[PDB]
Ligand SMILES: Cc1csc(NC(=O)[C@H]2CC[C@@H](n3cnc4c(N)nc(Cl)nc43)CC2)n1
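One chain comes next, on its own, written as structure tokens: the form deposited without the named molecule.
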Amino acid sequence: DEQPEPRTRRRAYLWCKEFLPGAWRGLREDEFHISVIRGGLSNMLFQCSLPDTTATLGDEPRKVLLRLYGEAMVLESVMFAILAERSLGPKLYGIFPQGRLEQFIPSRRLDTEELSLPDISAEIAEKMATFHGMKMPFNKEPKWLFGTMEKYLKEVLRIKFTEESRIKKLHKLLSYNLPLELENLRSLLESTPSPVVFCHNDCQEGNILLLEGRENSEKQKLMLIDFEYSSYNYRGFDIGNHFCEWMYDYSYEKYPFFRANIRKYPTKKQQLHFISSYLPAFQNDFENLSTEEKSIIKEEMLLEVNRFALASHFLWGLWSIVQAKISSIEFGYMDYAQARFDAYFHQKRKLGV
């Protein structure tokens, strides 16, 4: 168990002692347990717990997660609290300017290869449909997708890299005429109906918990977490983005720190499986429709999500160029951008668009 810095141990102790009820309120510092889950300069994570020799007095948690950040803060905090109330996220035990105390959920993250297991995929779809029914106190105009793409496009155009390979790679990505391609994509998506729903916007394996002790259970073995990029957006984006994430493995241990495989995109059969779980979770009398009406709804959704998958590639390709300029994480951002653009044109070839 990696121990935090002394300053961090002391602050964590104080936050626990003051924001948690019951035994925590009287806990001795020399009996406080803390270990690092994720280090870094931002969004550091720690597990904090009572000693085994201290009894619970009421319903207080014995262990919590501390997130340190290291207005978007109001929106994210409100969102987190609401999801907690609704039993769709970890409980919220404490909020303070430096961070928050969250329910500790014994789990691991999914690996990329697990996203295609039929029971896993079906549950993700159900979870996403549930998330998409959330009414949330946020702007409902679906400006997020193309607003963010336009923002990132204008930033990318102005980047001045100093390192040769990044200069070269950028020149290649910008050679596609990104302003025109963005508007070609806008025109396509303007003629692709997709309801506006509350989207996660990052439904990748690293944001999906496999709950400890539920690994052999039929259903209800996952939790979708890490909602910080959620917004009202087109349903098609969230689903298409998920499908895209089948192609990328971020656990690759050498440069560029990911692996990409175009052949791992879900087949239409796999997509139909996902869609067939999504739809009755999103409209519960769906099951009562005729076979033919279910069939047209599913076919329309296949086209919808595969078209919107293009926007996942375009948006996250542009994002990754911006990260190559601004990030402080070691990751092959330029190579990832090229993988996304390569997949964008591959999918465009496949769609006939």
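Residue numbers run from 1 along the displayed sequence. In this text, rigid core is short for the largest set of C-alphas that superpose within 1.5 Å between two forms.
A second form of this protein, the form solved in complex with the named molecule, is not displayed here; the remarks below concern that form.
Undergrad: Considering the named molecule in the deposited bound form, which of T130, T192, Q270, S107 comes within 4.5 Å of it through any heavy atom?
TA: If I apply the 4.5 Å criterion carefully, the residue I get is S107.
Undergrad: Please pick, from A55, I37, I296, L303, the one residue with any non-hydrogen atom lying within 4.5 angstroms of the named molecule in the deposited bound form.
TA: That would be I37.
Undergrad: Where does the named molecule sit in the deposited bound form: which of 262-270, 116-124, 225-233, 172-180, heavy atoms within 4.5 Å?
TA: Selected range: 225-233.
Undergrad: Could you tell me if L27 has a non-hydrogen atom within 4.5 Å of the named molecule in the deposited bound form?
TA: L27: no, not in contact with the named molecule in the deposited bound form.
Undergrad: Taking heavy atoms and a 4.5 Å cut-off, does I82 contact the named molecule in the deposited bound form?
TA: Result no; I82 lies far from the named molecule in the deposited bound form.
Undergrad: Mark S187 yes when one of its heavy atoms lies within 4.5 Å of a heavy atom of the named molecule in the deposited bound form, and no otherwise.
TA: Judged by the heavy-atom cut-off of 4.5 Å, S187 is well away from the named molecule in the deposited bound form.
Undergrad: Classify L209 as contacting or not contacting the named molecule in the deposited bound form by the rule of any non-hydrogen atom within 4.5 angstroms, answering yes or no.
TA: Because a heavy atom of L209 falls inside 4.5 Å of the named molecule in the deposited bound form, the answer is yes.
Undergrad: Core aligned, which of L318, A324, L310, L50 has the Cα that shifts 2 angstroms or more between the shown form and the other one?
TA: Of all the options, the C-alpha that shifts by at least 2 Å belongs to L50.
Undergrad: State yes or no: after fitting on the rigid core, is the Cα displacement of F286 between the shown form and the other one at least 2 Å?
TA: No, because once the rigid core is superposed, the C-alpha of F286 moves less than 2 Å between the shown form and the other one.
Undergrad: Using the core for the fit, does the CA position of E299 change by 2 Å or more between the shown form and the other one?
TA: False for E299: its C-alpha shift is below 2 Å.
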